[PDB]
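Enquirer: For reference, the structure I am asking about is given below.
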Amino acid sequence: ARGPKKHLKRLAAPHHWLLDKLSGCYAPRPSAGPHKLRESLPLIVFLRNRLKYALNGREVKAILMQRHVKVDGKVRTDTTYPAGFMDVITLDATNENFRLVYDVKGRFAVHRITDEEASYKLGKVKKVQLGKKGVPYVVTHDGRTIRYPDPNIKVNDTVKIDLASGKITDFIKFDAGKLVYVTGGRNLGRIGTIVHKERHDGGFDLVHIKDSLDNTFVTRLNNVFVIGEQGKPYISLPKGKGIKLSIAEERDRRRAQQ
Amino acid sequence: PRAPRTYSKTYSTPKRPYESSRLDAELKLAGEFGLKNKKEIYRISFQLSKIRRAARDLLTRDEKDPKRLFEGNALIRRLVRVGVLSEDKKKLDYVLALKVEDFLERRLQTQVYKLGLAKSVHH
Amino acid sequence: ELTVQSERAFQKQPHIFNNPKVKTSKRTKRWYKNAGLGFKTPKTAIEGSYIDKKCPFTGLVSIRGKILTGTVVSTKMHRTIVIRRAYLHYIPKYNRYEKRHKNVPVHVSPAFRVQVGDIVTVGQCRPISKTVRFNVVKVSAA
Amino acid sequence: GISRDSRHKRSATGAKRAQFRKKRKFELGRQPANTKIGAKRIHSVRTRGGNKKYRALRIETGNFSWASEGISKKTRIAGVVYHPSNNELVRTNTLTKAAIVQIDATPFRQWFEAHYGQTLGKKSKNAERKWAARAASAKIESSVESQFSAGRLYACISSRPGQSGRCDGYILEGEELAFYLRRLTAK
RNA sequence: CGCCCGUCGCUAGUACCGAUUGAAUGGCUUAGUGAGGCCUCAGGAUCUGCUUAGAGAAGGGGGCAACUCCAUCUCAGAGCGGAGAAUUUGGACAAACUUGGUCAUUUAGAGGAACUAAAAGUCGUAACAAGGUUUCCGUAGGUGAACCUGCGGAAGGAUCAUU
RNA sequence: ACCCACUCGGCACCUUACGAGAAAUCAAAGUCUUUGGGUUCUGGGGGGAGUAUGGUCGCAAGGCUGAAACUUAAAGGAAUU
RNA sequence: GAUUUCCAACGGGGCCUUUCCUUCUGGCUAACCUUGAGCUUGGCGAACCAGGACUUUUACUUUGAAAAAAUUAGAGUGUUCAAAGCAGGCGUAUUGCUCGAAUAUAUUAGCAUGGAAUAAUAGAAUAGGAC
RNA sequence: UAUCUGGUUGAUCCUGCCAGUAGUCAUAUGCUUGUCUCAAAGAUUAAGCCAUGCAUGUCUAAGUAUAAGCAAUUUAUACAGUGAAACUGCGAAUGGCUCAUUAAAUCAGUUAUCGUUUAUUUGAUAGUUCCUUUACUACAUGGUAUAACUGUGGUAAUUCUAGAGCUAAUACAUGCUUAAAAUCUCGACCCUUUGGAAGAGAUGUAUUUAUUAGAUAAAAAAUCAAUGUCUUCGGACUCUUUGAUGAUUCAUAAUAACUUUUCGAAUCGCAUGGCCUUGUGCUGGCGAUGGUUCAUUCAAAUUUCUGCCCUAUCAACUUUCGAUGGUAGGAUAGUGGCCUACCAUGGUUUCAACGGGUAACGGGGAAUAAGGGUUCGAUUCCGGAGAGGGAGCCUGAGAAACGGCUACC
């Protein structure tokens with residue numbers, strides 16, 4: 001109303017944030033940045049409620065301002081930085097990086113990655129053409145633009161950002177047999193392969209992907225993410241690689257383990 | 001303003017609170033189990049009716065449907081862990097026949113009496 | 001009507017100009033654009049003499065959006081037709097449908113010939129006037 | 001001030017729509033520019049989100065282009081001859097978009113003389129060879145050649161003086177020239 | 001020795017009409033008057049920069065008698081500009097005031113004519129039996145009152161039966 | 001013009017109840033708790049009241065639409081002694 | 001021996017029964033005369049697409065995408081019980097490990113997919129009907 | 001947890017209503033009122049009026065520090081630490097409160113912007129700016145005023161201000177400064193004119209235009225502008241470059257010019273190294289701030305289809321002065337009768353238009369039921385309106401802003 005808002009109550013916060021219901025009255029409103037605030041994960045909540053290296057906002061602010069965090073290269077200092085999906089976040093020394101990837105339950109996981117995993121990253125392009133003075137560029141899902149890309153790169157592909165020079169190391173063509181992380185929707189965190197995508201001339205393209213254990217389910221093209229080839233993923237998958245294991249037998253498994 | 005808390009009534013007033021046979025039943029139960037004013041009797045009846053209706057709805061569903069199956073196993077496991085459900089007989093049908101007797105049995109005072117630590121319900 | 005150039009101004013396709021020093025056939029070049037979504041431009045639109053900047057086939061108006069059918073009930077009002085939409089409203093209480101109608105005015109290109117009774121299909125377009133917001137892209141004459 | 005709302009506008013069915021909200025800032029409207037012919041004076045107008053608009057008024061000179069041949073030069077506005085909207089703008093002698101207006105055509109004539117070597121119906125070997133190479137194109141249609149011989153031409157304005165702040169136009173030629181000549185001669 | 005009606009007398013309450021050019025509240029706009037901000041037509045106080053330009057003459061460099069070259073406290077005058085307020089010719093937004101018109105809700109009002117409430121009022125007995133003139137429905141009159149009468153119809157009649 | 005047999009369309013009549021209905025009774029008032037053939041209108045306790053008002057037609061008496069305030073716990077239908 | 005040779009019920013797919021059960025311009029040709037002795041180059045453009053010739057509309061139904069939380073049902077959990085809440089649990093505790101924070105509901109309207117069972121629309125009849 | 005009962009009657013069976021019964025994030029009241037956790041709380045009538053207090057200010061290593069402040073330098077004689085006040089840049093358009101107005105309006109489900117703007121964070125993104133461009137020129141970084149402060153005060157009074165003296169900017173206002181090649185123009189010159197050149201100007205953005213492109217179903221043969229590539233000019237020439245959407249006058253590029261000329265760093269804090277030569281000569285990071293555009297995000301703005309209570313004791317409504325469309329123009333940041341001049345007479349409606357009331361913000365939801373269903377929803381979540389009624393406007397990217405002003409009650 002009569003200007004952009006600068007607050008967000010702790011009821012309309014995304015459920016994937018996995019925050020305490022009451023915990024006061026307010027919730028951390030993400031600042032403008034790479035990813036949308038609805039599918040974001042601010043450093044405040046990530047380091048206060050999901051990983052547990054701090055207690056409150058003052059402590060986490062002190063931990064970001066001490067040049068300890070190295071989010072996607074630059075150190076960064078904003079507590080409400082919108083860290084989304086497929087983004088590496090370096091944590092000073094001793095090599096803990098924990099690249100943010102959705103779990104099978106729809107929320108975010110804390111799966112730890114290695115130094116090379118943090119050095120490289122994969123981003124899905126969404127819009128490509130030439131700009132001023134006819135320089136082609138690709139806009140990834142993160143938001144970064146890379147000038148002078150490979151001519152073979154097309155819409156709905158995935159490129160490999162080296163994060164050191166700002167260029168594309170490699171690209172994945174969007175075709176059959178491509179691993180999909182399913183970014184968004186009811187199938188959040190699922191892993192599947194591309195077999196057949198509908199033309200959908202009007203719009204809102206969808207593809208009936210297939211999970212490894214013969215689970216066929218269709219997701220919109222706007223909610224896909226090519227993470228690698230078949231049987232050879234280009235990312236470090238967390239435990240439970242989009243299995244979507246059923247409720248009764250996963251309860252049976254947890255009681256068997258316990 | 002934070003999110004409001006959730007509260008629900010733990011008892012249910014009967015549709016006919018003014019009659020003889022029901023009153024006799026409750027009064028006998030309270031006298032022979034050593035209870036206060038029968039608010040907890042109404043509460044026990046309320047929870048028993050709730051779980052009995054849930055069991056009836058579960059039995060309505062067809063067999064081998066996981067929807068029915070896993071809720072049935074969960075309810076049976078919880079009820080037998082509480083102890084009002086007999087260990088030998090658990091087939092999602094004896095729950096529809098269980099009464100308030102076992103629920104009042106599982107109270108601390110009755111357990112102490114039947115273990116032999118107070119010699120009286122009131123004690 | 002028959003004569004395209006009847007108003008005070010000289011209506012023509014913007015940024016379209018024919019060299020006065022050349023001879024090539026048709027003189028003025030007629031710019032045309034494909035509507036899309038499996039819609040075929042009529043042969044009359046290719047060789048027509050009108051301008052009708054609001055026509056998607058020979059104008060800047062896009063047919064992006066949804067496509068809905070209707071029956072024309074009024075053609076007196078100029079350059080436009082009013083279509084009647086027949087739809088059934090369902091009341092969950094009575095488990096029976098309700099007969100309802102809606103009249104949405106649409107814009108028709110001069111190439112298409114529309115009478116009172118034939119069926120038309122109109123797609124969404126940018127606001128052309130206060131009420132009209134759809135353009136005729138296909139007509140089935142009865 | 002002037003608002004562009006639809007709440008004050010009557011509904012399609014004809015019912016008087018009762019007011020719902022007061023006039024808003026993002027939907028305001030300004031007065032017409034009414035760019036006359038006089039001393040050059042433009043006042044900047046602040047617009048939503050910056051992008052100051054050039055509210056022109058009493059323009060002196062403007063740019064005009066020769067689409068048939070393709071040359072654009074700065075000429076002087078002389079006067080409006082006829083406005084397809086209505087005649088009071090011409091009577092006031094004020095400049096608006098899509099208004100037929102006389103131009104000096106003097107630098108156009110100079111360009112023609114220095115580029116083609118031939119007059120539009122009233123030494124350097126490089127110039128002679130350039131004209132010889134550029135021959136077979138010096139022919140000019142009757143209306144434009146007569147207008148050039150008489151002086152002032154007829155030009156139609158494409159830019160918006162109120163928004164752009166400057167006057168840009170193109171010389172009439174061909175069918176539009178004939179039509180507008182008929183309209184102005186039928187007096 | 002039942003049941004029950006109508007007029008009138010006493011008491012309260014409710015609703016209607018009701019002269020009062022009815023009165024107040026809100027919504028809409030006929031017209032007139034019309035503040036203020038805004039965009040433009042002018043306006044020029046005031047500030048201020050540049051270019052010459054006269055300017056009494058210190059001092060210096062020169063002559064070295066006068067006189068010449070240079071800026072210095074200062075003021076006639078001439079242009080080249082920039083910001084520029086008070087006021088203000090025109091256009092639109094037009095708050096608000098006066099006068100009415102229309103719509104919605106309210107309540108005062110002498111008096112008039114109704115309804116209702118009642119253990120104990122006066123007159124008649126109209127209906128429930130063939131209620132003692134068989135009832136009931138339309139229509140038009142008369143009578144304090146129920147009611148009566150003329151015309152038409154019905155039995156919900158007191159008649160399922162006249163070869 | 002009569003008599004015998006058949007049929008269609010009507011006024012109707014008699015014994016019974018496969019059934020309906022609270023009963024009086026009904027071959028339709030049946031095929032409605034084994035609840036649905038299509039369809040129009042009217043009514044939600046009795047008074048106030050078919051009244052007032054707002055409209056409309058009529059020369060007139062009146063005709064059509066049509067309340068509210070307030071009051072009561074019985075007003076009613078069929079059969080039995 | 002939970003499994004194959006399975007005898008029966010159940011919904012599905014293709015083909016023949018006059019039933020095109022939309023089809024033409026190219027890449028490779030599929031079911032392949034490609035012949036290699038039965039892996040040997042081309043049996044027929046969908047077995048894979050680029051495309052273009054046309055798509056009567058539907059009403060309905062099945063499935064699916066998208067459908068912010070709390071709230072509704074409800075999984076797990078000794079907040080001493082419970083209302084609750086979303087924790088906690090286990091240790092070699094000088095070093096630490098770690099399961100979770102589910103799963104469903106979303107009428108109506110909009111979008112895509114199989115059906116022509118039921119209910120309408122139009123075709124070819126003083127033929128400008130179709131090939 | 002799909003259930004009842006008392007009452008017209010001497011008595012029976014029906015219609016029928018009254019009452020009893022239970023629940024109510026539905027209230028108010030009376031009688032009492034030991035304890036743990038928890039919690040609504042001037043909504044119902046007055047969106048009636050308010051005394052007095054508070055609720056928006058802000059400094060890092062990194063904009064301006066001669067306070068006549070505080071101290072210390074021993075690293076400094078131009079300045080260094082802290083630091084009042086003030087200038088400057090942002091924020092005050094967030095949040096909180098209420099539901100007055102509002103019945104295709106808001107709003108919900110569901111779409112479009114190929115019809116628009118966008119500070120903010122994130123990622124990229126200016127070799128051209130001296131234009132009688134030999135003097136007209138500080139680029140070793142140039143111009144000016146002012147705040148605080150010091151003195152004069154006026155007023156009874158307010159976040160009241162005028163004269164005198166100064167002084168700084170990330171304050172205003174000016175301004176040049178780095179290799180080339182390619183390609184366009186003028187054109188000397190040589191004219192042997194197959195014809196070729198010295199030379200000069202032009203050559204980044206932002207704006208205004210106009211044009212050429214911006215392609216992209218298969219296959220052949222005689223000739224022309226001057227032979228074009230190179231030769232027996234018989235003539236070989238095949239190669240030919242083009243991104244995206246279903247869709248474009250799309251993005252983008254080149255020409256002819258235009259701009260009261262937009263930008264292209266006259267800014268700030270730390271650390272201290274190399275080239276020669278001993279010149280404060282030349283090269284050297286971490287950053288911060290600022291900046292021209294594009295993308296993303298924050299969003300805002302309209303907008304596609306459907307869905308909202310009771311009334312016909314509301315049957316026609318709108319159409320002078322805008323109504324239904326077009327033509328052309330103005331304003332908006334954008335499409336649009338949003339306004340203007342002309343033309344046509346049109347647009348909705350018994351499928352409930354239009355008018356009236358709502359003791360009606362809507363939705364997510366709450367109470368209550370076998371199933372169906374009924375009522376409520378101001379209220380802890382989202383969206384919408386308001387700061388007493390209007391109306392106007394500056395600043396500001398974002399306000400018709402009211403704890404911002406002006407005008408009337």
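Chain labels run A, B, ... following the order of the structure tokens; each chain numbers its residues from 1, and ligands are numbered from 1 in the order shown.
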Taking 5 positions as the minimum chain separation for residues in the same chain, which residues sit within 6 Å of segment 43-53 of chain F when counting only C-alpha atoms (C1' of nucleotides)? Answer as a ChimeraX atom specification.
Expert: /E:16 /F:75 /H:16-17
Enquirer: Take the selection from the previous step and output its residues with N, CA, C and O atoms (P, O5', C5', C4', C3', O3' and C1' of nucleotides), as a PDB file, in the first residue's frame.
Expert:
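Output file again_22.pdb follows:
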ATOM      1  P     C E  16     -48.475   3.942  12.477  1.00  0.00           P
ATOM      2  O5'   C E  16     -49.867   4.225  11.757  1.00  0.00           O
ATOM      3  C5'   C E  16     -50.294   3.431  10.659  1.00  0.00           C
ATOM      4  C4'   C E  16     -51.647   3.866  10.155  1.00  0.00           C
ATOM      5  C3'   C E  16     -51.802   5.350   9.865  1.00  0.00           C
ATOM      6  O3'   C E  16     -51.271   5.724   8.605  1.00  0.00           O
ATOM      7  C1'   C E  16     -53.662   4.591  11.109  1.00  0.00           C
TER       8        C E  16
ATOM      9  P     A F  75     -59.262 -23.562  22.515  1.00  0.00           P
ATOM     10  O5'   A F  75     -59.282 -22.323  21.517  1.00  0.00           O
ATOM     11  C5'   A F  75     -59.954 -22.404  20.271  1.00  0.00           C
ATOM     12  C4'   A F  75     -59.313 -21.511  19.238  1.00  0.00           C
ATOM     13  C3'   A F  75     -59.679 -21.807  17.794  1.00  0.00           C
ATOM     14  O3'   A F  75     -60.933 -21.277  17.403  1.00  0.00           O
ATOM     15  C1'   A F  75     -57.344 -21.611  17.964  1.00  0.00           C
TER      16        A F  75
ATOM     17  P     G H  16     -47.550 -29.648  10.784  1.00  0.00           P
ATOM     18  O5'   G H  16     -47.883 -28.437  11.764  1.00  0.00           O
ATOM     19  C5'   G H  16     -48.487 -27.246  11.280  1.00  0.00           C
ATOM     20  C4'   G H  16     -49.115 -26.461  12.403  1.00  0.00           C
ATOM     21  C3'   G H  16     -48.229 -26.241  13.618  1.00  0.00           C
ATOM     22  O3'   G H  16     -47.340 -25.152  13.455  1.00  0.00           O
ATOM     23  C1'   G H  16     -50.337 -27.023  14.324  1.00  0.00           C
ATOM     24  P     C H  17     -45.757 -25.408  13.371  1.00  0.00           P
ATOM     25  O5'   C H  17     -45.156 -24.364  14.411  1.00  0.00           O
ATOM     26  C5'   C H  17     -45.628 -23.026  14.438  1.00  0.00           C
ATOM     27  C4'   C H  17     -46.337 -22.715  15.733  1.00  0.00           C
ATOM     28  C3'   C H  17     -45.475 -22.731  16.983  1.00  0.00           C
ATOM     29  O3'   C H  17     -44.725 -21.541  17.151  1.00  0.00           O
ATOM     30  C1'   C H  17     -47.472 -23.926  17.390  1.00  0.00           C
TER      31        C H  17
END
Enquirer: Counting only C-alpha atoms (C1' of nucleotides), which residues of chain H come no farther than 12 Å from chain C, as a VMD selection string?
Expert: chain H and resid 110 to 115 209 to 212 245 to 250 302 to 307 324 to 329 335 to 338 341 to 349 351 to 352 372 to 373
Enquirer: Using DSSP secondary structure from the backbone, list all alpha helix (DSSP H) positions within segment 14-126 of chain C, as a PyMOL selection string.
Expert: chain C and resi 43-46
Enquirer: Mind writing the picked residues with C-alpha atoms as a compact mmCIF listing (two decimals), in the first residue's frame?
Expert:
# COMPACT_ATOMS: atom_id res chain seq x y z
CA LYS C 43 -6.54 -14.28 -47.99
CA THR C 44 -8.66 -11.11 -48.05
CA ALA C 45 -6.52 -9.55 -45.31
CA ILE C 46 -3.38 -9.99 -47.44
Enquirer: Let's see if you can do this: from backbone DSSP, list all strand (DSSP E) residues in segment 10-175 of chain D, as a PyMOL selection string.
Expert: chain D and resi 28-29+35-36+43-47+50-55+61-65+72-82+94-95+100-103+153-157+168-171
Enquirer: Could you please take those selected residues and save N, CA and C atoms as a CSV table (one decimal), in the first residue's frame?
Expert:
chain,number,residue,atom,x,y,z
D,28,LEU,N,-2.5,10.9,-12.1
D,28,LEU,CA,-2.8,12.3,-12.4
D,28,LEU,C,-2.7,12.6,-13.9
D,29,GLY,N,-3.1,13.8,-14.2
D,29,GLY,CA,-2.9,14.3,-15.6
D,29,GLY,C,-2.6,15.8,-15.7
D,35,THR,N,2.0,24.0,-27.9
D,35,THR,CA,3.2,24.6,-28.4
D,35,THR,C,2.9,25.6,-29.5
D,36,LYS,N,3.1,26.8,-29.3
D,36,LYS,CA,2.8,27.9,-30.3
D,36,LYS,C,4.1,28.0,-31.1
D,43,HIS,N,10.1,24.1,-20.5
D,43,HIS,CA,10.2,23.9,-19.0
D,43,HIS,C,10.1,22.4,-18.7
D,44,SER,N,11.1,22.0,-17.9
D,44,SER,CA,11.1,20.6,-17.5
D,44,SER,C,10.0,20.2,-16.6
D,45,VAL,N,9.4,19.0,-16.7
D,45,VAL,CA,8.4,18.5,-15.9
D,45,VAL,C,8.8,17.2,-15.3
D,46,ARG,N,8.7,17.1,-13.9
D,46,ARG,CA,9.1,15.9,-13.2
D,46,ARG,C,8.0,14.9,-13.4
D,47,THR,N,8.3,13.6,-13.7
D,47,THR,CA,7.4,12.5,-14.0
D,47,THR,C,7.7,11.4,-13.0
D,50,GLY,N,11.2,9.8,-11.9
D,50,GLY,CA,12.2,10.6,-12.7
D,50,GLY,C,11.8,10.7,-14.1
D,51,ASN,N,12.7,10.7,-15.0
D,51,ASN,CA,12.5,10.8,-16.5
D,51,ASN,C,11.8,12.1,-16.8
D,52,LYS,N,12.4,13.2,-16.5
D,52,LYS,CA,11.8,14.5,-16.7
D,52,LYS,C,11.4,14.7,-18.1
D,53,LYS,N,10.2,15.2,-18.3
D,53,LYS,CA,9.6,15.4,-19.6
D,53,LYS,C,9.9,16.8,-20.1
D,54,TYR,N,10.1,17.0,-21.4
D,54,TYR,CA,10.4,18.3,-22.0
D,54,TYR,C,9.1,18.9,-22.5
D,55,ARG,N,8.5,19.7,-21.7
D,55,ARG,CA,7.3,20.4,-22.0
D,55,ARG,C,7.6,21.6,-22.9
D,61,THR,N,12.8,26.2,-34.3
D,61,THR,CA,13.3,25.4,-35.4
D,61,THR,C,13.2,23.9,-35.0
D,62,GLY,N,13.1,23.1,-36.0
D,62,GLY,CA,12.9,21.6,-35.8
D,62,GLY,C,13.6,20.8,-36.9
D,63,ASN,N,13.6,19.5,-36.7
D,63,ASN,CA,14.2,18.6,-37.7
D,63,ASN,C,13.2,18.0,-38.6
D,64,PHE,N,13.6,17.8,-39.8
D,64,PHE,CA,12.7,17.3,-40.8
D,64,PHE,C,13.5,16.4,-41.8
D,65,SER,N,12.8,15.3,-42.2
D,65,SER,CA,13.4,14.2,-42.9
D,65,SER,C,12.7,13.9,-44.2
D,72,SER,N,17.9,14.2,-43.3
D,72,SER,CA,17.3,14.9,-42.2
D,72,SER,C,18.1,16.1,-41.9
D,73,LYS,N,17.5,17.3,-41.9
D,73,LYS,CA,18.1,18.5,-41.6
D,73,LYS,C,17.2,19.4,-40.7
D,74,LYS,N,17.9,20.4,-40.1
D,74,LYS,CA,17.1,21.3,-39.2
D,74,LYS,C,16.6,22.5,-40.1
D,75,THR,N,15.2,22.6,-40.1
D,75,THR,CA,14.6,23.7,-40.8
D,75,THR,C,13.7,24.5,-39.9
D,76,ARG,N,13.2,25.6,-40.4
D,76,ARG,CA,12.5,26.6,-39.6
D,76,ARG,C,11.0,26.4,-39.8
D,77,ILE,N,10.2,26.3,-38.7
D,77,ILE,CA,8.7,26.2,-38.9
D,77,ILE,C,8.2,27.6,-39.4
D,78,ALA,N,7.4,27.5,-40.4
D,78,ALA,CA,6.7,28.7,-40.9
D,78,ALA,C,5.3,28.9,-40.4
D,79,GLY,N,4.5,27.9,-40.6
D,79,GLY,CA,3.1,27.9,-40.2
D,79,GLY,C,2.3,26.7,-40.5
D,80,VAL,N,1.3,26.4,-39.7
D,80,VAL,CA,0.4,25.2,-39.9
D,80,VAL,C,-0.6,25.6,-41.0
D,81,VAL,N,-0.8,24.6,-41.9
D,81,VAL,CA,-1.8,24.8,-43.0
D,81,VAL,C,-3.1,24.2,-42.7
D,82,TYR,N,-3.1,23.0,-42.2
D,82,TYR,CA,-4.4,22.3,-41.9
D,82,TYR,C,-4.1,21.2,-40.9
D,94,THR,N,-0.6,27.0,-33.8
D,94,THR,CA,0.2,26.3,-32.8
D,94,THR,C,0.5,24.9,-33.4
D,95,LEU,N,1.6,24.3,-32.9
D,95,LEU,CA,2.2,23.1,-33.5
D,95,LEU,C,1.8,21.9,-32.6
D,100,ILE,N,0.1,19.3,-40.7
D,100,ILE,CA,0.9,19.7,-41.9
D,100,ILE,C,1.3,21.2,-41.7
D,101,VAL,N,2.6,21.4,-41.9
D,101,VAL,CA,3.2,22.7,-41.6
D,101,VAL,C,4.2,23.0,-42.7
D,102,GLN,N,4.3,24.3,-43.1
D,102,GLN,CA,5.3,24.7,-44.0
D,102,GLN,C,6.7,24.8,-43.4
D,103,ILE,N,7.7,24.5,-44.2
D,103,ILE,CA,9.1,24.6,-43.7
D,103,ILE,C,9.9,25.4,-44.6
D,153,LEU,N,7.9,23.8,-48.3
D,153,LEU,CA,7.3,22.5,-48.6
D,153,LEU,C,6.2,22.2,-47.6
D,154,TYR,N,5.7,21.0,-47.6
D,154,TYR,CA,4.7,20.5,-46.7
D,154,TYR,C,5.2,19.3,-45.9
D,155,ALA,N,5.2,19.4,-44.6
D,155,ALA,CA,5.7,18.3,-43.8
D,155,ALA,C,4.7,17.9,-42.7
D,156,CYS,N,4.7,16.6,-42.4
D,156,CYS,CA,3.9,16.1,-41.4
D,156,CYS,C,4.7,15.7,-40.2
D,157,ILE,N,4.3,16.0,-39.0
D,157,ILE,CA,5.1,15.9,-37.8
D,157,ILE,C,4.8,14.5,-37.2
D,168,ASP,N,9.9,17.0,-34.8
D,168,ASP,CA,10.5,16.2,-35.9
D,168,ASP,C,9.4,15.8,-36.9
D,169,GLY,N,9.7,16.0,-38.2
D,169,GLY,CA,8.7,15.7,-39.2
D,169,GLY,C,9.3,15.1,-40.4
D,170,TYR,N,8.5,14.8,-41.4
D,170,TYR,CA,9.0,14.3,-42.7
D,170,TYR,C,8.1,15.0,-43.8
D,171,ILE,N,8.8,15.2,-45.0
D,171,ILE,CA,8.1,15.9,-46.1
D,171,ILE,C,7.1,14.9,-46.7
Enquirer: Please determine the contact residues of chain B with respect to chain A at a cut-off of 12 Å, counting only C-alpha atoms, and supply them as a list in words.
Expert: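 Listing them in order of chain and number gives residues 1, 2, 3, 4, 5, 64, 65, 66, 67, 68, 69, 70, 71, 72, 73 and 74 of chain B.
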Enquirer: Could you please select, counting only C-alpha atoms, the residues of chain D within 10 Å of chain A and state them as a list in words?
Expert: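 Applying the cut-off to the listed atoms yields residues 24, 25 and 26 of chain D.
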Enquirer: Using only C-alpha atoms (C1' of nucleotides), find each residue in chain E having at least one atom no more than 8 Å away from chain D; report its shortest atom-to-atom pair and that distance in Å (one decimal), rows by chain then rising number, as a Markdown table.
Expert:
| residue | atom | partner | partner_atom | distance |
| --- | --- | --- | --- | --- |
| E:38 | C1' | D:1 | CA | 7.4 |
| E:39 | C1' | D:31 | CA | 6.2 |
| E:92 | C1' | D:1 | CA | 7.2 |
| E:93 | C1' | D:1 | CA | 4.2 |
Enquirer: Store the residues picked out above in a file with N, CA and C atoms (P, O5', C5', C4', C3', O3' and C1' of nucleotides), as a PDB file, in the first residue's frame.
Expert:
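As written to disk, result-v7.pdb reads:
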ATOM      1  P     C E  38       1.343  26.206  -6.182  1.00  0.00           P
ATOM      2  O5'   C E  38       0.784  25.351  -7.405  1.00  0.00           O
ATOM      3  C5'   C E  38       0.991  23.947  -7.465  1.00  0.00           C
ATOM      4  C4'   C E  38       0.422  23.344  -8.726  1.00  0.00           C
ATOM      5  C3'   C E  38       0.914  23.933 -10.038  1.00  0.00           C
ATOM      6  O3'   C E  38       2.188  23.445 -10.420  1.00  0.00           O
ATOM      7  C1'   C E  38      -1.436  23.695 -10.114  1.00  0.00           C
ATOM      8  P     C E  39       3.212  24.394 -11.217  1.00  0.00           P
ATOM      9  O5'   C E  39       2.634  24.427 -12.701  1.00  0.00           O
ATOM     10  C5'   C E  39       2.562  23.244 -13.484  1.00  0.00           C
ATOM     11  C4'   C E  39       1.823  23.484 -14.777  1.00  0.00           C
ATOM     12  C3'   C E  39       2.319  24.653 -15.615  1.00  0.00           C
ATOM     13  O3'   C E  39       3.444  24.323 -16.411  1.00  0.00           O
ATOM     14  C1'   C E  39      -0.032  24.768 -15.422  1.00  0.00           C
ATOM     15  P     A E  92     -11.729  26.073 -17.851  1.00  0.00           P
ATOM     16  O5'   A E  92     -11.348  24.776 -17.008  1.00  0.00           O
ATOM     17  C5'   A E  92     -11.139  23.522 -17.643  1.00  0.00           C
ATOM     18  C4'   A E  92     -10.215  22.650 -16.833  1.00  0.00           C
ATOM     19  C3'   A E  92     -10.658  22.369 -15.403  1.00  0.00           C
ATOM     20  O3'   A E  92     -11.571  21.289 -15.318  1.00  0.00           O
ATOM     21  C1'   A E  92      -8.407  23.082 -15.401  1.00  0.00           C
ATOM     22  P     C E  93     -12.625  21.208 -14.107  1.00  0.00           P
ATOM     23  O5'   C E  93     -11.741  20.787 -12.850  1.00  0.00           O
ATOM     24  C5'   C E  93     -11.061  19.540 -12.815  1.00  0.00           C
ATOM     25  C4'   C E  93     -10.285  19.378 -11.532  1.00  0.00           C
ATOM     26  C3'   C E  93     -11.073  19.623 -10.253  1.00  0.00           C
ATOM     27  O3'   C E  93     -11.823  18.492  -9.845  1.00  0.00           O
ATOM     28  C1'   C E  93      -9.032  20.812 -10.160  1.00  0.00           C
TER      29        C E  93
END
Enquirer: Give me, as a PyMOL selection string, the residues of chain D touching chain C, with the criterion being at most 9 Å (counting only C-alpha atoms).
Expert: chain D and resi 6+12+67-69+83-85+98+137+139-141+173-174+176+179-180+183
Enquirer: Per residue of chain G within 8 Å of chain B, note the shortest atom pair and the distance in Å to one decimal, counting only C-alpha atoms (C1' of nucleotides), and order the rows by chain and increasing residue number, as a Markdown table.
Expert:
| residue | atom | partner | partner_atom | distance |
| --- | --- | --- | --- | --- |
| G:70 | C1' | B:3 | CA | 7.1 |
| G:75 | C1' | B:74 | CA | 7.9 |
| G:83 | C1' | B:7 | CA | 6.2 |
